[PDB]
Amino acid sequence: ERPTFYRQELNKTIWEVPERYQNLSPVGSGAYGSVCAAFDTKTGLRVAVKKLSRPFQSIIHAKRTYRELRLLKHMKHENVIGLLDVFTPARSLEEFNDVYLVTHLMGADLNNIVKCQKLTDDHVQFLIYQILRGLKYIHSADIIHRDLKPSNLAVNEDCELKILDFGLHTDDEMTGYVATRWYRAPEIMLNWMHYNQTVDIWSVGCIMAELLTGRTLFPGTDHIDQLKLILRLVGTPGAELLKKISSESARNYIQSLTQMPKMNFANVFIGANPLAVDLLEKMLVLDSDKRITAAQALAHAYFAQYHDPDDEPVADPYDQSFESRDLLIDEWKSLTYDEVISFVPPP
Ligand SMILES: C[C@H](Cn1ncnn1)Nc1ncc2cc(Oc3ccc(F)cc3F)c(=O)n(C)c2n1
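- The record lists X-ray crystallography as the method behind this PDB entry and 1.90 Å as its resolution.

Next up, the structure:
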């Protein structure tokens, strides 16, 4: 049956949650809502509870709310954030206005681990292996993260990693000298073309380099500065890639730049494992068609000690036909409500 709910004011709003969740404490903002840490007395777990802010404010908001719930409900993988619970205090569709999402509370993100310092090669292997294992799963369901960065990669004390915020930033927060843009594939940063899953592999390359050196790979001061930093490392595009830039304006800008050859990665990443260098070379390819995939990267010799083809699962089919569907607010809201009430908690 329905649990008993209790009320509490936390992040400028009244949080109404089942009794099972105790000791609620603000821990910052998440995607499209604020997060509280809590103790789940039913499971004995420390949990993160996110209350979405104005989930049904507009069509865009309502569809976004449905999207996140659909994504979280589908993900059942060790290296991907999953849904422990989803609830509403509402007793019917007509009273339904708030959505609460519950997941594992994670101790630290990759920003906290890096802390301006180099990690050991074995630590890099294990961390990057888990990101790729998670990405293989996500990509197998035709989901693209689109915004992988250290701040959405979370880790427990044993360095077991989970990927947060997949499949979901404004122009302002992408402006200037900001970590929000440093990990983005050039094709999405400058809207060169219809992009796909390979954008995420670029992001892994940027993250892996930073784990190895303790420094941001492409810390651009703006979009243009960042492109110049990228092209200095990987070389300016060839005729083959240029043709694929469907944006006439973006392609015309590219051709104005003085040509530069790809640099020697062994001279860039001094002292690094030669196998790490080789992998970086295969991830940080400008033409996205030619980047190593997650499944291929798991088989690369760098992960020899972690790779197990029988323990790198793929996802069940994910129906996202809703993405091309035009609906009214109340219709997105009703779809969302159905998904809330039909939720079954994990083992
Ligand atoms: C490292 C990071 C921050 N932190 N808080 C306490 N200690 N470290 N931990 C953490 N754990 C879980 C989430 C969940 C987050 O979002 C959610 C996603 C899905 C969900 F069901 C519930 C959520 F709260 C989130 O946005 N952040 C930033 C998180 N951070």
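Picking up where we left off.
1. What to know about helix α6 (residues 198-213)
Stage number 1. The end-to-end C-alpha distance of α6 is 23 Å, a good match for the 22 Å that 16 residues give at a rise of 1.5 Å each.
Stage number 2. In terms of burial, α6 is largely enclosed, as 15 of its 16 residues are buried.
Stage number 3. Phi turns positive, to about 75 degrees, at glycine 214, one or two residues after α6.

2. A short note on the UniProt feature "active site" in the protein chain
Stage number 1. Annotation from UniProt places "active site" at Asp165.
Stage number 2. One can find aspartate 165 in the loop between β10 (161-163) and α4 (179-182).
Stage number 3. With residues up to four places along the chain from it excluded, the contact list for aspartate 165 reads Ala31, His145 and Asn152.

3. Quick look at the state of the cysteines
Stage number 1. Scanning all chains against the criterion turns up 0 disulfides.
Stage number 2. In this structure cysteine 159 is a free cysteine whose sulfur lies 18 Å from that of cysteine 116, the closest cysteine sulfur available.
Stage number 3. In this structure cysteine 206 is a free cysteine whose sulfur lies 18 Å from that of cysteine 116, the closest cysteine sulfur available.
Stage number 4. Judged by relative accessible area, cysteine 206 falls into the buried class, the value being 1%.

4. Observations concerning the nonpolar core
Inside soluble globular proteins, nonpolar side chains tend to come together where they are buried.
Stage number 1. Counting 90 residues, the largest nonpolar core has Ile128 and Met208 as the members making the most contacts within it.
Stage number 2. Top element by residues in this core is α6. It accounts for 10 residues.
Stage number 3. Composition of this core by domain shows at least three residues from each of domain 1 (1-107 + 315-344) and domain 2 (108-314).
Stage number 4. Of all hydrophobic cores here, the second largest spans 13 residues; its members include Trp15, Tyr21, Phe87 and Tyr100.

Conventions we followed
- Residues numbered from 1 in each chain as written, not as in the entry; some residues may be left out.
- Heavy atoms only, no water.
- Helix = DSSP H or I, 4+ residues; strand = E, 2+ residues; numbered from the N terminus.
- Expected span 1.5 Å × (residues − 1).
- Buried < 20%, exposed > 50% of the residue type's maximum accessible area, 1.4 Å probe, protein only.
- UniProt positions renumbered as here; feature names shortened; annotations may be inferred.
- Contact = heavy atoms within 4.5 Å.
- Disulfide = S-S within 2.5 Å.
- Core = buried A, V, L, I, M, F, W, Y, C linked by side-chain atoms within 4.5 Å.
- Domains from an automatic or database assignment.

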